[PDB]
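Visitor: Structure below; questions to follow.
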Amino acid sequence: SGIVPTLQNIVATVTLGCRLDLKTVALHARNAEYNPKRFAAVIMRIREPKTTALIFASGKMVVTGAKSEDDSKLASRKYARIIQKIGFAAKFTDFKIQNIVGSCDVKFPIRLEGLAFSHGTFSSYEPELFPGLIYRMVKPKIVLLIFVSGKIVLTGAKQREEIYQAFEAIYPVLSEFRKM
DNA sequence: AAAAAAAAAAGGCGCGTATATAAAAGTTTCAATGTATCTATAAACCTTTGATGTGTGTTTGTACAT
């Protein structure tokens with residue numbers, strides 16, 4: 001392989017443990033996008049770490065755009081601190097990353113036609129809307145989006161580690177299906 | 001001939017085309033349930049019309065003044 005699956009989004013859940021006044025949360029924040037007509041969750045974008053989070057009336061926050069487990073975790077801790085400054089005793093309790101989506105590259109042109117045709121059972125293709133293949137692995141259970149540019153979009157894991165394992169499993173397939 | 005307002009016109013903002021990831025909230029759609037509202041329909045009445053025993057009626061025989 002020799003290629004790290006480069007994460008582009010990490011979505012995580014944080015139980016602040018309080019019924020947050022989403023109106024006051026929006027009011028006391030600096031740049032927060034909350035109005036009920038789209039969702040029941042204040043969405044805040046913090047530039048450091050730059051993450052976008054929706055926090056619900058349950059006080060549960062789901063965070064996206066992180067580049068690491070620690071980007072999301074530190075961002076969520078900052079989010080809880082911001083909520084506490086707002087006035088609600090937010091606390092980092094029973095945190096869990098619900099999604100780790102990444103894009104990386106293997107850089108060798110691929111016979112995507114070969115894979116999809118011979119892995120019709122596993123991968124399906126209708127190249128007249130979107131030129132990417134969809135592949136599944138159960139161990140680890142990662143779904144992977146493949147495009148001729150070599151871009152690999154690995155999704156379906158709470159951790160980047162399942163991303164890494166399925167990438168170490170799928171890059172050999174890619175090189176096998178490398179078009180030249 | 002000169003001043004002012006709208007259109008002619010394009011390129012790009014920015015997310016629909018996929019697009020899967022997952023939690024978080026909510027909607028709408030589907031089907032069983034409930035109900036007043038059609039209807040026929042045969043079972044209620046009212047009137048009709050053909051068949052009907054018989055009250056009244058033609059012969060028999062009568063006490064009864066005449």
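Numbers and lists here come from the model and the stated rules, or from a named source; these are not laboratory values. Neighbour counts are summed over all protein chains in view; Cβ atoms, including those assigned to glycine, are modelled from backbone coordinates with ideal geometry.
Visitor: Does residue A:4 satisfy the criteria of being surrounded by 19 or more Cβ atoms within 10 Å (Cβ to Cβ), of a type outside the set (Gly, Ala, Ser) and in contact (Cβ under 8 Å) with a residue 40 or more places away in the chain?
Guide: Criteria not met by residue A:4.
Visitor: Next question. Of everything in the range A:14-41, what is within 11 Å of DNA strand B (Cβ to nearest atom), touching a helix residue (DSSP H, G or I) at 6+ places or on another chain (Cβ under 9 Å) and under 26 Å from residue A:155 (Cβ atoms)? Give them in sequence order.
Guide: Those that are within 11 Å of DNA strand B (Cβ to nearest atom), touching a helix residue (DSSP H, G or I) at 6+ places or on another chain (Cβ under 9 Å) and under 26 Å from residue A:155 (Cβ atoms): A:14, A:40, A:41.
Visitor: Counting residues that are free of Cβ contacts under 8 Å to residues at least 60 places away in the same chain and either more than 15 Å from DNA strand B (Cβ to nearest atom) or surrounded by 17 or more Cβ atoms within 10 Å (Cβ to Cβ) (or both), which strands (runs of 3 or more DSSP E) fully inside the range A:48-144 reach at least 1?
Guide: Passing ranges, in order: A:50-56, A:60-64, A:133-136.
Visitor: Give the range A:156-180 a look and list any residue that's polar (S, T, N, Q) and either touching a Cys at 6+ places or on another chain (Cβ under 8 Å) or buried (at least 16 other Cβ atoms within 10 Å of the Cβ) (or both), or say none.
Guide: A:165
Visitor: In this structure, does residue A:157 turn out to be assigned by CATH to the domain that holds residue A:45 and either assigned to a loop (DSSP other than H, G, I, E, B) or small (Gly, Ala, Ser) (or both)? First the steps, then the outcome.
Guide: Numbers: assigned by CATH to the domain that holds residue A:45: no; either assigned to a loop (DSSP other than H, G, I, E, B) or small (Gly, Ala, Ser) (or both): yes.
For residue A:157, the condition - assigned by CATH to the domain that holds residue A:45 and either assigned to a loop (DSSP other than H, G, I, E, B) or small (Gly, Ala, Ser) (or both) - is not met.
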